[PDB]
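A short write-up of the structure that comes next.
Every number in this text was worked out from the coordinates using simple rules, so none of it is lab data. We place every Cβ from the backbone using ideal geometry, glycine too, and count neighbours over all the protein chains shown.
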Amino acid sequence: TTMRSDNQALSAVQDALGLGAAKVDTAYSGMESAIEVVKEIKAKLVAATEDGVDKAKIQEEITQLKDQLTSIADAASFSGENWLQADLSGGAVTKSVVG
Amino acid sequence: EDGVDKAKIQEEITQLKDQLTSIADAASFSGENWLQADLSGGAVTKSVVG
């Protein structure tokens, strides 16, 4: 009977592990999108370091890319717990996945 | 799990607690249910003619 109860507990742990894996996958996809966008931003800026290039066009490009970054950060949420855009007023927040 | 909402599980456990109460009070044969005894004295004892 104790072993059956333990088996039920491990089944619940498996369900929690699946949920956490889905959350991590969503967070990683959003993270990769943000990395690609910021790489594009860096490429645009290092192109713009030349003085012969008008900087207003680059400025509006980075503005659009920053808006895209904000949208990606606030949208990459699976079940509310998005593991991104947290509250750092306390100093440190730790998310846990049932192992 | 932190991501799982706790309210739905809350009424789940509420229903299970009501089920436990029903199990405790219904399981009787002839008034001597051997459960839900009065522990005012803390030493209630039931016997069967052997």
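What percentage of all Cα-Cα pairs in chain A are separated by more than 20 Å?
Details: 2819 of 4851 pairs.
Value for chain A: 58 percent of Cα pairs lie more than 20 Å apart.
Considering helices alone, the calculated mean residue ellipticity of chain A at 222 nm is -25000 deg cm²/dmol, with DSSP H runs of length four and up weighted by -39500 (n - 2.57) and normalised per residue. Positive-end ranking of A:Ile62, A:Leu88, A:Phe78 along the dipole of segment A:32-99, with charges on Cβ about the Cα centre, is headed by A:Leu88.
For chain B, go through all pairs of different Cα atoms, get the mean of 1/r, take its inverse, and jot down that Kirkwood value in Å. Show your work: numbers first, answer last.
Numbers: mean 1/r = 0.0712 Å⁻¹.
Answer for chain B: a Kirkwood hydrodynamic radius of 14.0 Å.
Of A:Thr49, A:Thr63, A:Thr26, the residue with the greatest mean-square motion in the GNM of chain A, using alpha carbon springs below 10 Å, is A:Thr49.
Here the label points at A:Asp54 and A:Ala22, each 7 Å from Cα along the C-beta direction, are separated by 4.9 nm in the simple model. Loop-resident GluC sites (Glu not before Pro) (DSSP state other than H, G, I, E or B) in segment A:1-72 with no more than 16 further Cβ atoms inside 10 Å of their Cβ: A:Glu50. Note that segment A:52-59 has calculated 3J(HN,Hα) couplings of x, 10, 4, 8, 5, 4, 5, 4 Hz, one per residue in order, obtained from phi through the Karplus relation 6.51 cos²θ - 1.76 cosθ + 1.60 (θ = phi - 60°); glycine and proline are x. Based on C-alpha pairs under 8 angstrom that are at least 6 apart in sequence, chain A has a relative contact order of 42 percent.
Considering only A:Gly20, A:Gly30, A:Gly80, the Gaussian network model of chain A with Cα springs below 10 Å gives its largest mean-square fluctuation to A:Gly80.
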